Amino acid sequence: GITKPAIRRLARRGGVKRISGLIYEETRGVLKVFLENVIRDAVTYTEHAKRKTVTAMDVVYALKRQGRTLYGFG
Amino acid sequence: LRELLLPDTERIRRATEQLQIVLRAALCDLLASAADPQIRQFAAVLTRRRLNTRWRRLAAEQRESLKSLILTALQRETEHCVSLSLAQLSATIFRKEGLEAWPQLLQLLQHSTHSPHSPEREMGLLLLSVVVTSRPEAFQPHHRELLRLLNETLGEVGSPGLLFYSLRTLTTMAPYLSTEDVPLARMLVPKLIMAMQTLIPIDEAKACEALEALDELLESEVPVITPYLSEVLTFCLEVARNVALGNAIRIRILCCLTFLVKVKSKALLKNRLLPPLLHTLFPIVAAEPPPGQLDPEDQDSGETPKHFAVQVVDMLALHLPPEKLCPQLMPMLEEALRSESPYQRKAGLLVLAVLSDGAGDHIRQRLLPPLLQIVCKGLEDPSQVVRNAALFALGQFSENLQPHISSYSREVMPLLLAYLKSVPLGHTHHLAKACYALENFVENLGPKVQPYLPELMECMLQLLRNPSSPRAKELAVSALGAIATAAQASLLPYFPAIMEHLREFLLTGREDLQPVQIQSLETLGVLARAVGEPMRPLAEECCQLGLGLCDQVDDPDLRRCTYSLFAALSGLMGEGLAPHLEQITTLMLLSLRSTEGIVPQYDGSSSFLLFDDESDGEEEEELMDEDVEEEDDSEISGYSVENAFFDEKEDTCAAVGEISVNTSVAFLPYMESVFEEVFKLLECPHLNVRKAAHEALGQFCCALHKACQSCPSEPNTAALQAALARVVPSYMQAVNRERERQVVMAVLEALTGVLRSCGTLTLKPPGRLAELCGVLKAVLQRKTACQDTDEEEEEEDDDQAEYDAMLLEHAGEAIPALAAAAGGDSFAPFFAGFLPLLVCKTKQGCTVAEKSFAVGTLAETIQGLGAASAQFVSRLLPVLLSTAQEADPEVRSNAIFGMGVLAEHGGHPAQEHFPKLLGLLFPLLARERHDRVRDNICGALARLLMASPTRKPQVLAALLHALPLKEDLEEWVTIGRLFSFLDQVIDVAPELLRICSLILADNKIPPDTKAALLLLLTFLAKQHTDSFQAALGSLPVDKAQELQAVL
Amino acid sequence: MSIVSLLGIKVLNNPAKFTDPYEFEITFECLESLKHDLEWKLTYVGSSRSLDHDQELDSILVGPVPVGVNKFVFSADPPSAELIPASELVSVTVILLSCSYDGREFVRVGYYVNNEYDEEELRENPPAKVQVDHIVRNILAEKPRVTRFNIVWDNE
Amino acid sequence: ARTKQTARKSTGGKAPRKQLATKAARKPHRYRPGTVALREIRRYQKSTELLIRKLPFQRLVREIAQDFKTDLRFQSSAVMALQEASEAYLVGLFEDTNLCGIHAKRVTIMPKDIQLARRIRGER
């Protein structure tokens, strides 16, 4: 569900220099698992809100479960 | 070569989905199946994508062989579409490779484009146009060579293909024309006109794609088309008035004329190009529609050139002085009005309506009494078309002639109300027209709507309380919102019913009432803005409803008009938005980055590859930063921008600015998040979005400054300094570099609003004042790029445009704000250079409005400068003295105010003129009849008495003889400060006592004035107290009761 | 906003021996006493292809919660080299240290540890049989990666 | 004081009414922009385009959405938020993978490095 040039550009912004050919399938799987978790939490929030349509607020609330990862201790 | 790539029967799906996809359950090596025509087209289309996806995996061994195969193919093709596809493939190969990495394609282009064979020239120009279009920046060095080639080729009128493709090349190269390349393009322009004239009758589509080149050449920042303006305008008029021609080409030509007028309108005014322009435009406006058919705007239940001709007339009015347009248009218009044909009346009414925009003042003071032309004639015209035109014209009149049209309400309102009553239900189009006119008239009435309030409320509650079509309820809701705007505080008696109707609309979840949901939210916001305290208990409940509809259905017009609702509610709720501030800060930032407005349109060959290369190698292609392996220009058949998302941004920017200004404490954690995106919008290609972003950043600065005042912490002031250092340079860079004039006025207004609020924080970095003053002096000197450098060449000091006066006034309004921020000590050298322009604006014989504005600006700059006006009093005194000798109320009032404040803040160098200054105020006091000017003379006399060196040796008695302060309550502070500056108070006792007695009830009078009197009463209560008994005896006993009340 | 937040992690032995017990110095602050004690877990990731193949070294609990610099000794056995895949034994992997309250994790810090030969002698002629004693592991504590999970502390 | 001339086009007011009910104050739904406007629109869209193409991302989100429950719709803003979150997560994962590769004395990333980055970035 993600095109290969998008994967290459995302790796470029991350500082990756050389990429093996097996990276694409692995990163597609990683994206799929992450989106499955986030959509699961968003749907839980939407059902708690007694609605049949997921909005941006539900996604924002769902993103809070994954936590925050920042460099250092700030 | 058994490749069955053609549709065959309607079972082409049986081919595509089944075959050529089962490779797994080497084709690149022989993708040169040159067997039958347009199968080569399929092959080239597939090969383009295949090579786009896997160019870097072919190394270099077969690169040269493939390039040679493609070049050999390009020299033998006979058709056109497949030749274009091969050119696309060649350009794709060129685009991903280097400029000099393909040294034979350039040789082929150079050899073919100078060949003596017509097919060779056509194939060379087609390939050249495609290659240049693909990578425009590659041909940056050889502008002169490519322009010479284009000039040579465009002279071949025999072959339309060469003309069309050379014009496409010009389209691609036009934006990147440098100053040194101007003579070649100037020489080429007549050839472009000849090519256009040849290509117009052959085909409409090619004519449009070459009008693309003409439009790109119109605005290029270099003087390319100015020397041939007469010829270009003649060609545009010749093609525009061809009634037998198509509508699309005429619309494109009218847009070209609009751009010609906008870029340079003064050039065609000096020459005799305007009368032919009007004589060609007006018949298009009054063009008879096909018999049986009707105009698009007059349908019972954009396309025609009529609207675009009206738009051209509007743009001509905006960018031209009325004194040079009205005398040349009024005869034609007046002849049009008194015509038998109804469409002549329609054209006249439309032209007058759009002339009321850019010529607002000329119509407003001098041509507004002849309002009988619209209301009394077209509104009751036998023809319905004339009635619709009259309604639109009345709406434009009541929306542009804002202050001087409310005086005619007594005679306009009854007929408009009768017209609304006359419209039967089920005619929602006519009702919409009439309601537009009614709302536009009502919004400006203000207090005048109170006599007509019950009738309007009954009329608008007839629709809502009774069964009616959903289209006829949003119109009533909009009219109700306009009435609410008009009657800010007189709407309380009808408030509960209106509120319950709006709540009933909002609560009900029926799917056919979406537009009335939008209008209900909008009118709820309008009510929140207009009516105040009684809505505060119910304001909290409105936030839940606003977000409730914003998360049920996704609509750009629903997310908008909800941000406006919260902006309105933030005014009265205050800091109550904190629980909802997170939810309204998100879902708003996402709207700010929403790119759904630009939706691509794809009309071409369907994609049948649907295959991705599988490899396990170690890819090294990342070394090239600019990867061109992504999908670029996949048969883009143009774009279709939706005009509802940019209108969402223009309003959400203002809403978030207002929310930040109002909620100034709870918005801090989100201010940084919103600021970055609002700044990112500053480069948007949309006029209104840029204006809204520029107006929103200033509100962010004001909100952050007031937050810093709330909590004087180091992080707050550091953030304020960073925000100012990020905004003010953007404001200064967008004034003398941005072409759109509507943005420049908004930027100047925002800069004035920042300098007044932020104050000294703006000018703290060194050297900021030196460039801010330079910018404001460049706007007044017409040196900025937004004014087109006085419309090119020079001027002979003639009457400028009507809409540029507003720009100059906005530029000059920031001088008082700038003076109050620099402290006056450091602003004197810059005011020395600022003075000549303002003096020239107030020179005898100029415009009255400019005179008054210049005098008021001088007075306010004196106020800001303060004690640093000692060296400027000598220059300023003659100007103010001469201005105070005129026969205009506002101008003379401003002159007296400025002279008085100069006396107050002039210091020692202004003291020597005191006897002369007093020798002139006495004659003005008696002769003048207006209440405003005598009050300003009173204030000037008071201030002059304040700046007494030692004592005043009567001015005091004559000043205290009359105190008619009615319309200038802001002078009461000076009047009160006048008292108690330290014996003859017996004679002047009755008038000051009666003034105090009458002003006791009124709260508009500052309390400090009353406190001043008590000091002098008590100070004199001991020495010479016998006179108080005589004063009390002289006063009437009725005033004596109120006198004894205070003790 | 977590009541107890990590400030910094100091490693005393780096590079350390493969069989040398992992020991770390942890600095944190205690605003108020917690009724339940805090437990820390150290886990070693052997194979990255599966999450159920990892091993948890141990779990220890400390009753008192001292304020300031704390004195304590780890009681964890060295990770088992035998259970580590032979192919992936000499390779990079990650170690995770987390503090959990009532079974709810709120801070987790991970470190990259690399299993590489310390001498060119074995690199020149890598034998089929791997020697545990000749592999030296190092921990990149200079650039830690911290993950913070917000949880409820008081009913309020 | 100075007479303020703000009675011109209502500039400086609170906020002009949208007037979108009455023919939006005189094709608004879909219109073709001009050449100079089309070029600038192209420049703006290319300048701010996100790394992940939006159509495949909405298609994938719909795939998982119907995997959970059929007839489950998503707000466009929700899809945009999901796209931005996915881009940020992938960039963080890729930089952690680059660190893992650098620490391993290697310049090429491998799926095992991706898995190690996932494990260190918080499990879940």
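Chain B uses Swiss-Prot numbers throughout; the residues present, in order, are 10-34, 40-315, 326-977, 980-1008, 1014-1078.
Every residue gets a Cβ built from N, Cα and C, even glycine.
Marked as repeat 'HEAT 1' by Swiss-Prot: B:348-385. Under DSSP, the residues of the repeat 'HEAT 1' (B:348-385) split into helix, strand and coil as follows: 33 helix, 0 strand, 5 coil.
Annotation comment: Swiss-Prot describes B:390-427 as repeat 'HEAT 2'.
If you look up Swiss-Prot, you'll see B:431-471 marked as repeat 'HEAT 3'. Here the repeat 'HEAT 3' (B:431-471) has long-range neighbours at 313-315, 392, 395, 399, 403, 412, 415-416, 418-420, 422-423, 479-480, 483, 487, 492-493, 495-496, 499-500, 502-503, 505-507, 509-510, 512, meaning same-chain residues at least 6 beyond its ends whose C-beta is under 8 angstroms from one of its own.
Look at Swiss-Prot and you will find B:475-513 tagged as repeat 'HEAT 4'.
Residues 852, 855-856, 859, 863, 866, 868, 872, 875-876, 879-880, 882-883, 886-887, 889, 938, 941, 944, 948, 952, 954, 956-957, 960-961, 963-968, 970-971 of the same chain lie 6 or more positions beyond the ends of the repeat 'HEAT 5' (B:895-932) yet place their CB under 8 Å from a CB of it. The repeat 'HEAT 5' feature in Swiss-Prot is assigned to B:895-932.
Through the fold, the repeat 'HEAT 6' (B:936-974) approaches residues 897, 901, 905, 908, 913-914, 916-917, 920-921, 923-925, 927-928, 930, 981-982, 984-985, 988-994, 997, 1000-1001, 1003-1004, 1007 of its own chain, all at least 6 residues removed from its boundaries and within a Cβ separation under 8 Å. Under the heading repeat 'HEAT 6', Swiss-Prot lists B:936-974.
Across the 5-residue gap left unmodelled in the deposited entry, the distance from the Cα of B:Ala34 to the Cα of B:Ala40 comes to 15 Å.
For the repeat 'HEAT 5' (B:895-932), the DSSP counts in helix, strand and coil order read 29 helix, 0 strand, 9 coil. One thing to note is that 10 residues go unmodelled from B:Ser315 to B:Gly326, and the Cα atoms at each side are 17 Å apart. When the repeat 'HEAT 2' (B:390-427) is classified with DSSP, helix, strand and coil residues number 27 helix, 0 strand, 11 coil.
Across the 2-residue gap left unmodelled in the deposited entry, the distance from the Cα of B:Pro977 to the Cα of B:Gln980 comes to 8 Å. One thing to note is that 5 residues go unmodelled from B:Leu1008 to B:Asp1014, and the Cα atoms at each side are 10 Å apart.
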